[PDB]
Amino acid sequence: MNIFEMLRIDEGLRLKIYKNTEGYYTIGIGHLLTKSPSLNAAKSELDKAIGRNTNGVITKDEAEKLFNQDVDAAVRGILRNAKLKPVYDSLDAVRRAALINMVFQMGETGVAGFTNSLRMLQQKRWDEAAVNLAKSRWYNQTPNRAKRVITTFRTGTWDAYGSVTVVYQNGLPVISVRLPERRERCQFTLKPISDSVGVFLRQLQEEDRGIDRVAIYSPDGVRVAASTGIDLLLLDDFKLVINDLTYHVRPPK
């Protein structure tokens, strides 16, 4: 896991314009278009950011280009900040990802507002920082995510962020799932010939008492039918929803 996978989880993927949790016009993988209320303003920025008349809709690849830009902006952002950089330079890779995440969300200026918790982070006072972070406005607006970032700072582990991979063993697809609550990982070997999406999803639920919602979508956000063959599912990427989180899965060719 890393900052890139971490943000995919937190930000998701949308190929049409929408309104993030603050109600600002957003597209792609958490790309803020504008803080303007005007939808037309937001469409203008979209087309500029891409270099063509998008009509409010972008390709997966255009989303990934923006995304790789925004992270790079956020990381270069941090390092043009005397407040944020020494903090950043101390931290192991995992905690840096937490900070890049926070900036990415809010960002560079808004994150230097937290003198309170940044001092604590530099000193390696992990729990204290976390306690302090959960005090903020940030936590109350988007508590869902703030909790996951905060746990990353507290622990320096990826425990709040699960993962989902596909590898072939013995010519069969094996899907491994780390739930974001726990270890261990769990894997599900499947028969593409005869297993279906719905079979896989029932196995997933039967596996974990606390899974209350499972679903599979295409990249473009269309629900994939339960009776669809695993063989077909694995011809392309797909998104797996498990409770609050959506994982973008990328099977091999």
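Counting begins at 1, following the sequence as shown.
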| item | value |
| --- | --- |
| Between the two ranges 176-184 and 92-100, the one averaging a larger CA B factor in the entry | 176-184 |
| Stretch with the higher entry mean CA B-factor, where the candidates are 147-155 and 114-122 | 114-122 |
| Highest-ranked of 26, 196, 38, 68 once sorted by CA temperature factor in the record | 38 |
| Candidate set 105, 169, 165, 140 [ranked by C-alpha B-factor, highest] | 140 |
| Lowest, middle or highest third - CA B-factor, residue 231 | lowest |
| Position of residue 59 among the chain's modelled residues by C-alpha B-factor, lowest, middle or highest third | middle |
| Residue 32 - which third its CA temperature factor falls in, relative to the rest of the chain | middle |
| Entry-reported Cα temperature factor of residue 211, expressed as the chain third it lands in | highest |
| Within-chain third of residue 52 by Cα B-factor, per the entry | highest |
